[PDB]
Amino acid sequence: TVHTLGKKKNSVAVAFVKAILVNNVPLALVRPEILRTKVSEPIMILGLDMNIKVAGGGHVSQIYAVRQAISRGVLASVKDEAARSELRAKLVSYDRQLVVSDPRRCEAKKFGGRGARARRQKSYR
Amino acid sequence: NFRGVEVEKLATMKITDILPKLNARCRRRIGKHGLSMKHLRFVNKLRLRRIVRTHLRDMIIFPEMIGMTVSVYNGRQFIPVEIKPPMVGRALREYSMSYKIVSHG
Amino acid sequence: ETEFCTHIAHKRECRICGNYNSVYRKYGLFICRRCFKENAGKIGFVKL
Amino acid sequence: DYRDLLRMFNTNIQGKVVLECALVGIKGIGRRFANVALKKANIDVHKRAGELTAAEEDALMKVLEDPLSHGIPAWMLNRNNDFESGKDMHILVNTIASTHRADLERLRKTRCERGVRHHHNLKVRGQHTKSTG
Amino acid sequence: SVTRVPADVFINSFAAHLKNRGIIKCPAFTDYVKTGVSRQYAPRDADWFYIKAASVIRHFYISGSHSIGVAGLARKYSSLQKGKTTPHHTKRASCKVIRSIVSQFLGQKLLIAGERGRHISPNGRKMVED
Amino acid sequence: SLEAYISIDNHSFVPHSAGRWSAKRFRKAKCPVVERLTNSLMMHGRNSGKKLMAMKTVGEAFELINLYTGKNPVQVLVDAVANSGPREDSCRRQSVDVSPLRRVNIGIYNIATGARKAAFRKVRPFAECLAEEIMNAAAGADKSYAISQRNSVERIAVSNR
Amino acid sequence: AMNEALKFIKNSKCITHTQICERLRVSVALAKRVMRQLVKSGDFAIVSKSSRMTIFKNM
Amino acid sequence: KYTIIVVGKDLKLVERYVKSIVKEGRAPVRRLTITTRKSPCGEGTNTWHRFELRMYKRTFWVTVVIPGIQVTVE
RNA sequence: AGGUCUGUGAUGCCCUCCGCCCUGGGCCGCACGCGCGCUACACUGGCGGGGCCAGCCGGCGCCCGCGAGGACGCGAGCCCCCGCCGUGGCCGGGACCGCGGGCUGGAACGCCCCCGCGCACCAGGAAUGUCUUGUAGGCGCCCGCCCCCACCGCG
RNA sequence: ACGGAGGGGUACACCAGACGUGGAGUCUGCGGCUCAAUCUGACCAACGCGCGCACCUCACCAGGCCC
Ligand SMILES: [K+]
Ligand SMILES: [K+]
Ligand SMILES: [K+]
Ligand SMILES: [K+]
Ligand SMILES: [K+]
Ligand SMILES: [K+]
Ligand SMILES: [Mg+2]
């Protein structure tokens, strides 16, 4: 019984793993299709059964949260052995984002401009 | 000539016979009860028909009163308004301007 | 003699001063923006 | 086989454009009214323009001068409940000038706020006019 | 099953099958109608009613348990209304076309009423599954 | 344009990476080069963001080069990036010489710009403008916009020595 | 000049709708009159897309 | 059965009561916000006060007196 | 000696007995010069059909109606995919105006929808402003004042 | 306090760039003009500012009740 997470901006991917469905749709058919190679990286760079529920965020953030849940769930069945600590280093030596989440978030808007840093045009005459 | 009837056959058949005609403001305002201070306007206008200075700008004009002269307040004075056939279907506030048009200077 | 206030309209005013202008009705406060600055301490609002 | 002009309704239709958007050349036709006048009379709406037979023009003209009979509705018409005949007319010819000008002369005789403001060549629809045109 | 096949395949392969066996077949008001108040023209592909209803039933199948409703279907096919000199805003689609579709789909026992809204009946659920 | 600033081995199956490449001064020297071009491509202003579309744009400009030169598209890209980019600049303006990372920067920028200006108000698509730009910069042809811009910069550098 | 299409167009190891449009006035005749060269397959498709389509000469 | 709703605007007192009711035996925080200009008139740089009233609620299910708390059984 | 006595039952000293209320009008009137903005000038685009994802927290079922909206009851857009148009002020752009059908309200002069009409505008002189990571820019959504109504401000 | 005085620091003030505005139509505020009235405040630090003017708001105009 493996339970695993993945996070992007607001997206949360909850993975349940038993010895590959994304929101009940087969993985091969994840609609953003020019990014299909991204959701399959851990497979084709390194089976079993996994179940993914991703919510919140947008298209790309959801893809990137499943890219982390998938790779983090295949690291919670191997344990206490050198594979556990070596497959992690192989995963990061491609993209560290595969293991550790991206902390960035939206900053708040401040009064006097449309955005967080952009202000309003100033005039003198 | 009015929509499809000549002046004899809407000003003598029925006062509300025109409602299947004139626009949605008219049907709305007449499918609503006219305030009790402009019925007096008609039992002073149609009554003693044989010049009235009035003060209600928004009042739907319907055929039975045709060929009349009125003087409607616009805020500073009463303005004469005549009644030609095409005035039916309109309000009285469209026929007296409350502003003099600007000129040069 | 019997015509005084026939016109019907909301006369929403500030609960504290009496002004008609710039009244906040969200949440049902019904007080104006000038009086809301100084009575906000005890009503309960605080800046964070 | 095609022609490179349809001088129809006194308007020169060019041809080689799509007939859907060719009909919009006639002032009175839109793309809405055109796509409701072709399919209502069994004419391919988008292949070309200059491949329309004589019989196809006859069908289009017979559905142009009478929309209600072929089932085109009143709400899809432009002279609705006119102030000349109380009828849902269909003014689809270069003789729209007369009615538009009559709606001015009626105002000129009636002396309405709209007419007096239209005379001076001013905005008439409530828009602000302080901006220095 | 229904969830497996590329969603764009099932919709346009069942709408061609919507021409057989006297299913919902289109009514007459289909001409001279915009699918929404945000659209500025009518659809050009003449099979648009067929494809629309194929899509709405594939929408009903995915919500197997609970009930959808008509007003909340027009919201599903929403679009943004352009050309007004003001910022663009989103508009709900037309409930008449969708209600016409779901009425005829309540026939042939493809759907069953609920407490509030339509629901995918066992018959029709079996059909889409097959 | 050196081997130490054009990153070959770091590429992926598509250029999309979600990488924080500009958080430190010299980090982008390890940024893959096709992704750098992709990042420069979505620089019109009405197209800011829209990376998913630029990845397609570059992707379908590699099936035109393989059908004209008959060679590897990434190789011709490296050739174009190397050929472009002024070696000498002018900054009482006296002559100075240009660093590698700036040579790469200006090269990628001018290729993107050449395609951008050549596609506006034209029937010809922007992808098949990129094909022209890349195949013509890598050779050295005066029809390349990046090469003419380079030549102008080097001339003004020479006149200010 | 259909005969031009049936041989002059079949002389380039690749072709695009815009390229054929710019060679001779084939603005949208391109899309119609290359599908003919695709059904008899003097040319086939390699990379296709709703907005762009690259056609390579079978010969 | 029995229900106790408890509501209060100061987290410390609410927690004290909630603690000492368990000595005898979704409701998330919602924030009332008002933004208003700082000046009485409208002259100067346009700056704004952001005022905020945060409330808290607990719902004890069953089969100390503090001035400021509100309790209703229903 | 910026602003505010016109937010108050804060208020001195002057002046009015210019108080309170009702009807109608104005504050929006327009040769013209300025500030903050909105929408564009297209193919890295417009259109038709389909697919699918937010957060500040948040009702929608059933019939009529092209739509807008009514009578009756109960607990996201961008983007992706498939087509169309083809460098033509064109299917870019949608101001101005002409009939209709609605909503609010005691009252449209307010706002919405439908058909038709299709302005100027081809990237902008001299000048001039803001900005360094989930940032610029693009895309939409919500609250406030609010009978109705955002091209605004707070998010 | 100031210096077309020296010295030492510094900020998106400049550098390298991005995105604009100024040109078109249009929303709104300002000045002027008009008007029976078009109520009034403010000229970097006034000019989408004094929290959405059919009535009300309302300070302004034409009349008219009541203490
Ligand atoms: K805060
Ligand atoms: K054509
Ligand atoms: K042609
Ligand atoms: K100010
Ligand atoms: K004061
Ligand atoms: K301001
Ligand atoms: Mg008033």
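For this coordinate set, the PDB header names cryo-EM as the determination method and states a resolution of 2.85 Å.

K.L.:
What exactly am I supposed to notice about the overall build of chain G here?
P.N.:
Of the regular secondary structure elements, chain G holds three helices and three strands. Relative to the compact-globule value of 10 Å for 59 residues, chain G shows a C-alpha radius of gyration of 10 Å, a close match. Along the first, second and third principal axes, the C-alpha set of chain G runs to 30 × 25 × 15 Å. Contacts in chain G between residues at least 24 apart in sequence constitute 30% of all its contacts with a sequence separation of at least 6.

K.L.:
I'm lost on the overall build of chain C in this one. Help?
P.N.:
When helices and strands are tallied, chain C shows one helix and three strands. Ordering the α and β elements of chain C from the N terminus gives β-β-α-β. Each of the three principal axes of chain C carries a C-alpha extent, and together these read 55 × 20 × 15 Å. Long-range pairs, those at least 24 residues apart, make up 0% of the contacts in chain C between residues at least 6 apart in sequence.

K.L.:
Explain helix α4 (residues 97-110) of chain D to me, please; I cannot follow it from the model alone.
P.N.:
Along an α-helix, residues three or four positions apart point the same way, because every turn accommodates 3.6 residues. Relative to the 20 Å expected for 14 residues at 1.5 Å per residue, α4(D) spans 20 Å between its end C-alpha atoms, a close match to the ideal helical length. Directly beyond the C-terminal end of α4(D), a positive phi value near 60° is found at D:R111.

K.L.:
Teacher, can you tell me more about the interface of chain E and chain A here?
P.N.:
The extent of an interface is frequently quoted as the accessible surface area lost upon association of the parts. In this complex, chain E contributes four residues to the contact, which on the side of chain A involves four residues. Among the residues of chain E in contact with chain A, E:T3, E:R4 and E:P6 are the three that bury the most area, contributing 95% of the side total. Counting the contacts that link chain E with chain A gives zero salt bridges. Put simply, chain E and chain A have zero residue pairs in polar contact between them. Residues that form the side of chain E that touches chain A fall into these classes: two nonpolar, one polar and one charged.

K.L.:
Quick question: what am I supposed to make of a positive patch on the surface here?
P.N.:
A grouping of A:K109, A:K110, A:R114, A:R119, C:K47, H:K38 and H:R50 is seen on the molecular surface, where their side chains present a positively charged patch. Taking the relative accessible area as the measure of exposure, A:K110 reaches 38% and is therefore partly exposed.

K.L.:
Would you take a moment to explain the sheet that holds strand β5 (residues 70-72) of chain H for this structure?
P.N.:
All names here are of chain H. With antiparallel pairing, the three strands of this open sheet are ordered in space as β4-β1-β5. Lying at the two open borders of the sheet, with one neighbouring strand each, are β4 (56-62) and β5. The sheet shows a mean angle of 15° between the axes of neighbouring strands, direction not considered. The pairing of strand β1 (residues 2-8) with β5 spans three bridges and is antiparallel. Residue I5 lies in a different strand from β5, and its bridge partner there is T72. Its contacts with the sheet place helix α1 (residues 11-19) against β1, β4 and β5, and it is angled at close to 10° to β4.

K.L.:
What exactly am I supposed to notice about the interface of chain C and chain H here?
P.N.:
Listed by partner, the interface residues are 14 residues for chain C and 17 residues for chain H. Taking both partners together, chain C and chain H bury about 1,400 Å²; carbon and sulfur atoms supply 60% of that area. It is C:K37, C:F45 and C:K47 that lose the most area in chain C upon contact with chain H, and together they represent 37% of the buried surface on that side. Taken together, chain C and chain H are joined by nine residue pairs in polar contact.

K.L.:
What is the right way to look at the sheet that holds strand β3 (residues 46-47) of chain C in this model?
P.N.:
Each strand in a sheet pairs with its neighbour through backbone hydrogen bonds, running either in the same direction (parallel) or in the opposite one (antiparallel). Strand order in the open sheet formed by three strands is β3(C)-β3(H)-β2(H), with antiparallel pairing between adjacent strands. The open sheet is flanked by β3 of chain C together with β2 (31-37) of chain H, the only strands paired with a single partner. The sheet contact formed by β2(H) and strand β3 (residues 48-54) of chain H spans seven bridges and is antiparallel. Each residue of the ladder has a partner; that of H:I34, found in β3(H), is H:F51. Contacts from helix α1 (residues 33-43) of chain C reach β2 and β3 of chain H, with the element oriented near 140° to β2(H).

K.L.:
Mind showing me how you'd approach the protein's contact with RNA strand J here?
P.N.:
Taken together, the neighbourhood of RNA strand J is formed by 34 residues, with C:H7, C:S22, C:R33, F:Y109 and H:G42 sitting nearest. In RNA strand J, atoms within 4 Å of the protein come 67% from sugar and phosphate. A:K122 places a polar side-chain atom, nitrogen or oxygen, 3.3 Å from a sugar or linking oxygen of RNA strand J. At 2.8 Å from a base nitrogen of RNA strand J is found a main-chain nitrogen or oxygen belonging to H:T35. Of all elements in the fold, only α1 of chain C, α5 (100-119) of chain F together with β2 of chain H reach the threshold of two or more residues within the surface near RNA strand J.

K.L.:
What's the story with the environment of B:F42 in this structure? I'm lost.
P.N.:
Residue and element names in this part refer to chain B. Within the secondary structure, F42 is located in helix α2 (residues 39-45). Judged by relative accessible area, which is 18%, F42 ranks as buried. Those residues in contact with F42 that sit more than four places away from it in its chain are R47, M59, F62 and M65.

K.L.:
Whenever I open this one, the protein's contact with RNA strand I confuses me. Can you help?
P.N.:
Around RNA strand I, a shell composed of 162 residues is seen, among which B:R27, C:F4, D:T129, E:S94 and F:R121 lie nearest. Of everything in RNA strand I that lies within 4 Å of the protein, sugar and phosphate atoms constitute 72%. At 3.0 Å, a backbone N or O of D:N78 approaches a base oxygen of RNA strand I. In this structure, D:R114 approaches RNA strand I through a side-chain N or O atom, which is 2.7 Å from a phosphate oxygen. Of the residues forming the surface near RNA strand I, the biggest block, five residues, is contributed by helix α1 (residues 24-30) of chain B.

What counts and how
- Residues numbered from 1 in each chain as written, not as in the entry; some residues may be left out.
- Chains lettered and ligands numbered in written order.
- Part of a larger assembly, values for the part shown.
- Heavy atoms only, no water.
- Residues with missing side-chain atoms left out of burial classes, pairs and counts.
- Helix = DSSP H or I, 4+ residues; strand = E, 2+ residues; numbered from the N terminus.
- Rg over C-alpha atoms; globule rule 2.2 N^0.38 Å.
- Contact = heavy atoms within 4.5 Å.
- Expected span 1.5 Å × (residues − 1).
- Buried area = accessible area lost by both parts, 1.4 Å probe.
- Salt bridge = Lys/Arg side-chain N within 4 Å of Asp/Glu carboxyl O.
- Polar contact = N/O pair within 3.5 Å; in protein donor to acceptor, adjacent residues only side chain to side chain.
- Nonpolar A, V, L, I, M, F, W, Y, C, P; charged D, E, K, R; others polar.
- Patch = residues over 30% accessible without salt bridge, like charges linked within 9 Å, V, L, I, M, F, W, Y side chains within 5 Å.
- Areas by Shrake-Rupley, 256 points an atom, 1.4 Å probe, with all protein chains shown as cover.
- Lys, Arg positive; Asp, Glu negative; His and termini not counted.
- Charge placed at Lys NZ, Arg CZ, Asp CG, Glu CD.
- Buried < 20%, exposed > 50% of the residue type's maximum accessible area, 1.4 Å probe, protein only.
- Pairing = 2+ DSSP bridges.
- Axes fitted to C-alpha atoms, helices over the stretch in contact; angles between N-to-C directions.
- Near = heavy atom within 4 Å.

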